[PDB]
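Inspection log for the structure reproduced underneath, given as structure tokens.
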Amino acid sequence: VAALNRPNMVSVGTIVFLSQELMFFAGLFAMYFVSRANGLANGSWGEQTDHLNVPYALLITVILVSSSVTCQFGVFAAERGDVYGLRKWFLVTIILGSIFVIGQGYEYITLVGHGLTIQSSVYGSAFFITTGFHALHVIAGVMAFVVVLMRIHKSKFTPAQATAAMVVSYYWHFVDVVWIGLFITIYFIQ
Amino acid sequence: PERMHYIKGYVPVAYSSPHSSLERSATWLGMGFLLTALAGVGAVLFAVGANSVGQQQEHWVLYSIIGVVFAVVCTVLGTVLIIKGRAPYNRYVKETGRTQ
Amino acid sequence: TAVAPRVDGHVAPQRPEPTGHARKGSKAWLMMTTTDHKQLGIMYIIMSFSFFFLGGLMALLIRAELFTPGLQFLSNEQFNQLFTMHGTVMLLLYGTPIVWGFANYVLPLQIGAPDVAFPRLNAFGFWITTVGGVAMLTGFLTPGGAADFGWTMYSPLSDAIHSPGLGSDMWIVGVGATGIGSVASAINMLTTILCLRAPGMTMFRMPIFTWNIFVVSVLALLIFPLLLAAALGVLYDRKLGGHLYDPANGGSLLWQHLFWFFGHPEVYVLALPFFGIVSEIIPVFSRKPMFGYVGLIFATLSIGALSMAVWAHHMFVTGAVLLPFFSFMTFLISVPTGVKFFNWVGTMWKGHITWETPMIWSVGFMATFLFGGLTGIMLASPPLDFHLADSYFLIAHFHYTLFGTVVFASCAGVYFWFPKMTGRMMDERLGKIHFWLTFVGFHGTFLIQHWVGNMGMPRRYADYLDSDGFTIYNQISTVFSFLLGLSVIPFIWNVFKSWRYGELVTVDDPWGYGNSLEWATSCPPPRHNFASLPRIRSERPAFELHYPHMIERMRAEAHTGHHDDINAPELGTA
Amino acid sequence: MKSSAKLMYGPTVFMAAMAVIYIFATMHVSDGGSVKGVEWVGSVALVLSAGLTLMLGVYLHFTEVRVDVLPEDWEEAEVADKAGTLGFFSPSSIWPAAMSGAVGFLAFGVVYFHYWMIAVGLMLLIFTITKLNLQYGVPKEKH
Amino acid sequence: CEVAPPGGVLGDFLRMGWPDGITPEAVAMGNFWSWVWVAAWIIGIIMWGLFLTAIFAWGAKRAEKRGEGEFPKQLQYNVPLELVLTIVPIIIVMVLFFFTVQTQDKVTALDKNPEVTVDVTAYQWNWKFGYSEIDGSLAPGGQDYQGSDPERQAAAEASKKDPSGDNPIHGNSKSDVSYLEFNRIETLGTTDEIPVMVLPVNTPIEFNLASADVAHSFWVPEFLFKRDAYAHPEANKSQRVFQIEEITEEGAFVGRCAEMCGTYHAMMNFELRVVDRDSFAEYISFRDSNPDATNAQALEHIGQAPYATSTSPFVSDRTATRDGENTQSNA
Amino acid sequence: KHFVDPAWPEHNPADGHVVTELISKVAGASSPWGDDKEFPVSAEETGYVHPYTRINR
Ligand code: HAS
Ligand code: HAS
Ligand SMILES: [Ca+2]
Ligand SMILES: [Cu+2]
Ligand SMILES: [Mn+2]
């Protein structure tokens with residue numbers, strides 16, 4: 001008879017790691033909401049929050065969720081043992097992630113262009129810390145995909161590489177989820 | 001797997017057998033709610049204690065009542081859920097005649 | 001149950017040579033590329049005790065300065081930096097690393113695995129923790145010295161306005177590098193227990209120590225990244241022009257809430273594993289199984305669950321927190337600790353206690369932590385905390401709890417597992433000398449500080465007047481503090497001598513009655529920890545292995561008024 | 001992995017209940033010696049702590065409904081059940097020390113805030129991480 | 001508590017070093033502390049006894065000499081006793097929490113009807129006291145005295161915004177000081193003089209704390225109470241007002257800072273001098289009538305020590321203090 | 001049909017699967033060189049060539 005189905009150890013490891021990172025973002029959320037609670041007394045929040053550009057935010061949100069969809073198509077390709085489908089979909093995900101990074105970068109450049117920076121207000125500090133840490137996470141995720149591509153280019157595609165691709169997909173999905181939370185907090189619940 | 005086998009005169013440690021209660025989610029969730037229930041006891045004690053020195057005069061009845069309500073719902077929930085989680089163990093004890 | 005046929009001319013495997021026989025260069029490159037959990041755990045332990053001595057020297061300098069009124073040899077700035085760095089290194093570079101070192105060595109042996117789940121991640125955790133330690137200590141090379149704002153780093157005092165100088169920054173990074181090192185250690189311990197357990201070792205046949213490590217792993221993963229986020233926020237406020245921790249934004253109480261939400265689970269993270277170590281030591285030397293096993297597990301999980309709601313009892317004098325709620329919760333967290341105490345004295349009840357060194361250390365820990373927690377309950381009530389908060393009473397309380405739970409019990413663990421970690425046994429006489437020196441010096445140092453705390457001396461005071469009225473008590477504290485400093489000389493000499501010329505260990509369990517699974521294997525274990533796995537069938541694999549004739553008793557006398565279930569009929573067929 | 005998947009449900013429900021209790025409490029109780037009003041620090045922490053434990057518990061349960069009756073969880077398993085390959089484990093690697101040093105360089109860089117130290121630290125860090133992840137798959141020397 | 005401690009040497013031992021206290025709620029806190037210590041001693045001895053029993057009674061050599069054999073009874077579970085021993089601490093901490101709530105609530109309640117309210121400012125590193133309002137009984141004018149300085153406080157309110165415009169923190173300037181109360185009758189603490197606040201006996205008194213700089217704390221050990229002083233206390237959601245029902249006996253009492261504020265945290269002492277109620281009217285009329293006069297001159301006008309007798313200022317030289325005479329001679 | 005790397009182990013999906021995000025046939029991590037292999041192997045099958053060499057005296 002065939003062997004037992006045992007838990008995927010690397011999947012448990014990465015899931016535990018993402019559950020840990022959720023509490024990393026808890027701190028930034030708490031700082032932002034304390035800032036908002038203070039600001040709503042003076043109404044200054046209602047002024048600074050009018051500097052933002054919500055349709056551009058929606059566009060980059062659409063780009064990032066598209067990245068998630070492409071990533072999971074790559075995962076299906078991986079579990080089938082098809083290396084070339086994995087390469088295809090992961091390169092597309094890399095492209096979309098880079099476009100999201102450029103989206104946030106252009107957002108920042110325009111914002112400092114028309115009078116919002118870290119020194120301008122408490123809103124500036126809260127907005128930029130909360131979005132910039134997530135931007136660093138997105139950059140790290142794109143780097144992780146490129147490292148996966150290095151791996152499956154150099155090594156033969158065994159289950160050890162398939163689970164690596166599966167594991168990086170978890171991290172990217174966590175990145176998409178925390179972006180959705182951040183967007184709903186900053187552009188909608190504001 | 002799929003069934004145990006013990007000879008007469010052999011007593012194992014009972015935990016994590018398929019009939020065990022520790023292996024099921026209702027029991028642990030009941031433990032959580034049972035721990036939660038004591039918060040209501042604390043709340044009602046806070047209400048009456050603040051009353052004892054003439055404070056919280058405008059809301060102490062509401063705090064006492066809501067504390068008791070939360071305590072009773074949480075503790076009855078925990079007890080019922082724990083008993084539900086232990087039902088397989090009772091059925092097993094009926095079946096076999098061995099407690100461990 | 002199967003019984004195998006005999007093997008022709010069987011011989012037991014060659015058990016490994018003891019330590020001290022290593023050749024030249026046999027550990028340098030092995031250390032640099034290590035991914036063995038057990039060698040890595042040993043070096044964890046050694047590095048943590050190095051930081052222990054380093055921090056305690058600063059502590060002795062503090063005491064020497066407070067021996068008499070007037071600033072004899074320190075300034076105000078140097079005194080401030082001293083207590084800040086003493087607190088930081090002793091909590092973050094000694095305590096948490098020693099916890100993870102003992103976890104890394106012992107847990108795979110207890111759960112019957114060859115190696116940890118993620119070896120290279122474990123090595124990364126070790127090295128990044130040491131990197132954070134050196135970064136934290138680099139502040140002293142600054143002309144202006146290291147950080148000076150207490151180990152809590154309250155704001156606005158930590159603002160760029162109110163704390164210039166790069167030492168204040170180096171603290172932030174040294175702590176952060178330490179924090180992720182801790183997290184990298186925790187990722188393993190969960191995944192290991194979830195995925196590499198031995199055959200027949202169900203979850204409720206694990207030793208209590210690894211249960212505590214499991215709960216501590218989840219707790220630490222909750223709370224270390226929150227510290228990292230808060231610390232990066234403070235550095236963001238400092239280097240850039242950030243305003244999040246500005247007082248006009250409410251930054252002071254924001255920082256206090258966030259930091260103490262991190263910080264109280266840190267003390268429980270230090271607390272639970274050493275409770276587990278004594279929960280392993282006490283059954284062995286009383287020759288009695290652990291009393292109320294699953295009850296202790298529920299108590300440990302209750303401590304883990306309650307640690308997350310207790311956090312704001314460190315702020316009763318801030319005038320911001322809600323007093324009744326947090327006072328009630330920090331009363332509730334006393335219950336399972338008392339359950340653990342009751343279980344310890346219960347398993348000692350009518351036992352056959354032999355008083356080898358680790359048992360001495362364990363009973364000393366119990367005696368110290370009893371009064372420490374008894375003091376902590378007094379600190380838990382707000383109306384007493386209005387006077388007690390941030391005084392020397394607080395100092396004595398948390399030194400009782402930390403010095404009991406960490407120092408006494410870590411020494412107990414070192415003496416307990418020195419055979420399994422080295423293949424040699426420590427000197428008994430030096431151990432007793434070390435214990436009595438530490439015990440009398442400790443109680444002399446810290447019992448009298450309750451009185452100066454009550455009389456009105458605040459914490460963190462660098463100088464005080466002759467007319468204040470608490471100079472004699474400080475003098476009595478200082479002499480016994482120097483005795484505490486002298487106490488570690490026999491410990492260092494004993495470890496050094498026993499490592500290289502100690503008594504060799506022949507049997508697998510020199511203490512005789514080891515219950516846990518690590519006492520069934522060799523001393524030291526082989527590279528992959530197990531030349532053969534016993535038939536695991538209870539919470540005492542090694543005991544039931546070495547004493548088969550006891551098993552019929554061990555299963556029968558377990559429960560008061562035990563049922564007739566031994567006479568029940570046969571239940572199945574093979 | 002049955003018992004540990006399900007024992008996580010106690011801490012998470014307790015934390016969630018404490019979060020809701022605390023939010024109502026601080027938003028309503030106008031006690032002297034304190035100021036009325038919801039505090040977001042602490043409440044956010046409690047809800048996302050419940051989130052962490054719930055993520056762990058739900059993933060473990062979602063996985064455990066797939067796996068078989070593993071011998072480590074079988075209360076009367078024999079040592080012969082687990083005979084075979086346990087898995088692959090790294091024998092040795094210099095890269096954990098290297099990337100610890102890289103993180104140290106980056107941390108020192110943000111201490112003094114010399115921008116070149118930050119850039120070189122990040123570059124060195126991703127280099128060391130890549131060398132870690134490609135260790136057991138570097139191609140054989142091409143003649 | 002309403003019930004007094006045992007008293008005698010037992011009370012002194014149970015005290016165990018607390019000041020007696022000089023307010024009603026100080027007495028309440030002391031009584032609660034004494035009885036809590038009684039219960040704590042009961043627990044401490046009744047478990048140290050069991051550990052001593054293990055040391056002397058449950059030894060292995062005794063049982064082996066007695067012939068008990070190589071092993072004990074091997075008992076593991078006694079579930080009813082375990083549940084009883086679990087229920088006991090539950091009830092203990094519960095009944096303790098009841099009295100905790102009682103004493104805490106009678107301490108913290110802000111309904112004591114002050115006759116005097118003093119605004120207090122903490123700064124790095126000294127104290128500045130200012131009489132904010134005084135009831136007509138003690139005030140010079142017969143009607144209630146109000147001490148807020150119009151011009152100096154107008155400057156504080158004007159500091160909120162527009163120094164030609166930075167306004168980063170929620171629309172206000174980062175250097176806002178509108179939360180500080182500036183009064184016309186003020187005592188200013190210096191490194192050359194320990195400040196002394198003068199208060200009457202047997203009047204409900206109020207303290208309104210704030211901090212120019214990093215967080216401080218106001219601690220009077222004879223009140224058996226301390227409270228943190230923060231910058232922008234409203235922004236921190238910190239309660240900046242606390243009231244004492246009265247002070248019950250005259251005298252000079254040291255008060256300290258109990259929060260790590262910086263380099264000179266140890267040097268930040270003050271004194272609280274409680275004087276006869278009839279003399280307080282003379283003091284306030286003297287300070288009001290000729291404001292140029294110093295605090296010491298007013299204390300001389302009362303007929304008591306011009307300077308803080310409880311604590312003298314620290315020597316401010318970093319080398320002279322080596323021989324332990326770190327005390328400045330005020331006169 | 002989809003491509004499959006020949007290093008992929010063979011299996012029958014109708015009665016199981018090879019690896020998923022949740023479960024695998026191993027307790028630890030999978031072999032980088034293929035779980036289907038059976039180490040050790042012969043000296044010449046290794047591809048290694050041990051050098052004899054001497055140095056001047
Ligand atoms: C390993 C390190 C530590 C442990 C363990 C520890 C245990 C406790 N602590 Fe703590 N502590 C506080 C309360 C407790 C309580 C309730 C416990 C518990 O673990 C105590 C339970 C332990 C026992 C051993 C219980 C007794 C045993 C038995 C068997 C009887 C059951 C109990 C009954 C029956 C109730 C007692 C009955 C009576 C009648 C009183 C509070 C506030 O409630 C503060 C902040 C105060 C302030 O204002 O800053 C504090 C401050 C600190 C700090 C401050 C550091 C800083 O400020 O920079 C540190 C490092 C620290 C460490 C540690 N602490 N603690
Ligand atoms: C795990 C946690 C802790 C341990 C253990 C600990 C041990 C001591 N403590 Fe402490 N500490 C104080 C006194 C002592 C003394 C005398 C010892 C003793 O254990 C120290 C003796 C032990 C030693 C171990 C040192 C002996 C060193 C020798 C004999 C030789 C050195 C030379 C070499 C070459 C070493 C060998 C090196 C090799 C590599 C082999 C005092 C007051 O007397 C304060 C409050 C002061 C104030 O005003 O704020 C204080 C403050 C703190 C704080 C609060 C810091 C803050 O508020 O910011 C914390 C958290 C803390 C934790 C801990 N502390 N301590
Ligand atoms: Ca001195
Ligand atoms: Cu705490
Ligand atoms: Mn305070």
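Chain labels follow the order of the structure tokens: the first chain is A, the next B, and so on; residue numbering restarts at 1 in every chain, and ligands are counted from 1 in their shown order.
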
(request) Give the residues close to ligand 1, within 6 Å, counting only C-alpha atoms and all ligand atoms; write them as a PyMOL selection string. (result) (chain C and resi 152+267+270-271+313-314+330+334-335+337-338+341+369-370+373-374+376-377+379-380+385+389-390+398+401-402+405) or (chain E and resi 36+39-40+89+92-93)

(message) At a cut-off of 8 Å, using only C-alpha atoms, what residues contact residue A:10? Leave out same-chain residues fewer than 5 positions from it and give the result as a ChimeraX atom specification.
(response) /A:163,167 /F:29

(message) Neighbours of ligand 2 at 7 Å or closer, counting only C-alpha atoms and all ligand atoms: which residues, as a PyMOL selection string?
(response) chain C and resi 50+52-57+59-60+62-63+83-84+86-88+90-91+94-95+150-152+395+399+402-403+406-407+459-462+481+484-486+488-489+492

(request) Around ligand 4, at most 9 Å away and counting only C-alpha atoms and all ligand atoms, which residues are there? Put them as a PyMOL selection string, please. (result) chain C and resi 260-261+263-268+307+310-314+330

Could the residues in this selection be written to a file with N, CA, C and O atoms, as a short mmCIF file (atom, residue, chain, number, x, y, z; two decimals), in the first residue's frame?
data_model
loop_
_atom_site.label_atom_id
_atom_site.label_comp_id
_atom_site.auth_asym_id
_atom_site.auth_seq_id
_atom_site.Cartn_x
_atom_site.Cartn_y
_atom_site.Cartn_z
N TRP C 260 3.94 47.42 26.98
CA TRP C 260 3.61 46.48 28.04
C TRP C 260 2.76 45.33 27.53
O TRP C 260 2.84 44.22 28.08
N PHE C 261 1.99 45.54 26.46
CA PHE C 261 1.38 44.42 25.76
C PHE C 261 2.44 43.45 25.27
O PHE C 261 2.25 42.23 25.35
N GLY C 263 5.37 43.29 26.80
CA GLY C 263 6.32 42.99 27.86
C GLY C 263 5.83 42.03 28.92
O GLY C 263 6.64 41.31 29.50
N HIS C 264 4.53 42.00 29.20
CA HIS C 264 4.13 41.06 30.24
C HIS C 264 4.17 39.61 29.73
O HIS C 264 4.60 38.70 30.46
N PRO C 265 3.74 39.35 28.49
CA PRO C 265 4.00 38.02 27.94
C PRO C 265 5.47 37.66 27.89
O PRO C 265 5.79 36.48 27.91
N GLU C 266 6.38 38.63 27.84
CA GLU C 266 7.80 38.30 27.91
C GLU C 266 8.15 37.69 29.27
O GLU C 266 8.90 36.71 29.34
N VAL C 267 7.62 38.26 30.35
CA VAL C 267 7.94 37.68 31.65
C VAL C 267 7.28 36.31 31.79
O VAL C 267 7.87 35.40 32.39
N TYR C 268 6.09 36.11 31.23
CA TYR C 268 5.52 34.77 31.29
C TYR C 268 6.27 33.79 30.39
O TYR C 268 6.33 32.59 30.68
N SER C 307 -2.19 35.57 29.87
CA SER C 307 -1.09 36.51 29.72
C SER C 307 -1.42 37.64 28.76
O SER C 307 -0.88 38.74 28.88
N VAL C 310 -3.68 40.54 30.64
CA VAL C 310 -3.22 41.07 31.92
C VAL C 310 -2.36 42.32 31.75
O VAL C 310 -2.03 42.98 32.75
N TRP C 311 -2.08 42.73 30.52
CA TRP C 311 -0.88 43.52 30.23
C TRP C 311 -0.87 44.88 30.93
O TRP C 311 0.21 45.38 31.27
N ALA C 312 -2.03 45.50 31.14
CA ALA C 312 -2.07 46.90 31.54
C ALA C 312 -2.05 47.11 33.04
O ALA C 312 -2.30 48.23 33.50
N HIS C 313 -1.77 46.08 33.83
CA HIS C 313 -1.54 46.29 35.26
C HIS C 313 -0.19 46.93 35.55
O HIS C 313 0.10 47.20 36.73
N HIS C 314 0.63 47.21 34.54
CA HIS C 314 1.86 47.98 34.69
C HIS C 314 1.63 49.48 34.60
O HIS C 314 2.60 50.23 34.47
N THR C 330 -5.44 40.36 36.44
CA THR C 330 -4.15 40.03 37.03
C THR C 330 -4.29 39.38 38.41
O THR C 330 -3.29 38.90 38.94
#

(message) Give me, as number ranges by chain, the set of residues whose atoms come within 9 Å of any atom of ligand 3, counting only C-alpha atoms and all ligand atoms.
(response) C: 63-74, 462-464; E: 321-322, 324

(message) Would you mind listing, as a ChimeraX atom specification, all residues of chain F that have at least one atom within 10 Å of chain C, where only C-alpha atoms are what counts?
(response) /F:26-29

(message) Would you pick out the contacts of residue A:18 at 8 Å or less, using only C-alpha atoms, so that residues sharing its chain but fewer than 4 positions from it are not included, and give the list as a list in words?
(response)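 Listed by chain and then number, they are residues 14, 22, 171 and 174 of chain A.
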
Can those selected residues be exported to a file as a tab-separated table (two decimals), in the first residue's frame so that it contains N, CA and C atoms?
chain	number	residue	atom	x	y	z
A	14	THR	N	5.62	28.05	7.20
A	14	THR	CA	5.32	29.36	6.61
A	14	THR	C	4.00	29.91	7.13
A	22	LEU	N	1.22	38.83	11.04
A	22	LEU	CA	-0.04	39.54	11.26
A	22	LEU	C	0.04	40.42	12.51
A	171	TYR	N	2.93	33.40	1.23
A	171	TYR	CA	3.40	34.73	1.63
A	171	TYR	C	2.78	35.81	0.76
A	174	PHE	N	-0.80	36.39	1.78
A	174	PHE	CA	-0.84	37.20	2.99
A	174	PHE	C	-0.60	38.67	2.68

(message) Ranking F:16, F:30, F:43, F:11 by minimum distance to chain A and counting only C-alpha atoms, which one comes first?
(response)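 Ranking F:16, F:30, F:43, F:11 by distance to chain A, first place goes to F:30.
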
(request) Name the closest residue to residue D:134 among the candidates D:49, D:11, D:93, D:29; distances are taken between atoms, counting only C-alpha atoms. (result) D:93

(request) Find the residue from E:214, E:158, E:267, E:305 that sits nearest to ligand 5; use only C-alpha atoms and all ligand atoms when measuring. (result) E:214

(request) Would you work out the distance separating atom CA of residue C:106 from atom CA of residue C:185, expressed in Å to one decimal? (result) 13.5 Å

(request) Could you list the residues in chain E lying within 6 Å of chain C, using only C-alpha atoms, and format the result as a ChimeraX atom specification? (result) /E:17-18,58-60,72,74-78,89,104,214,221,224-228,232,235-239,258,263,266,321-322,324,326
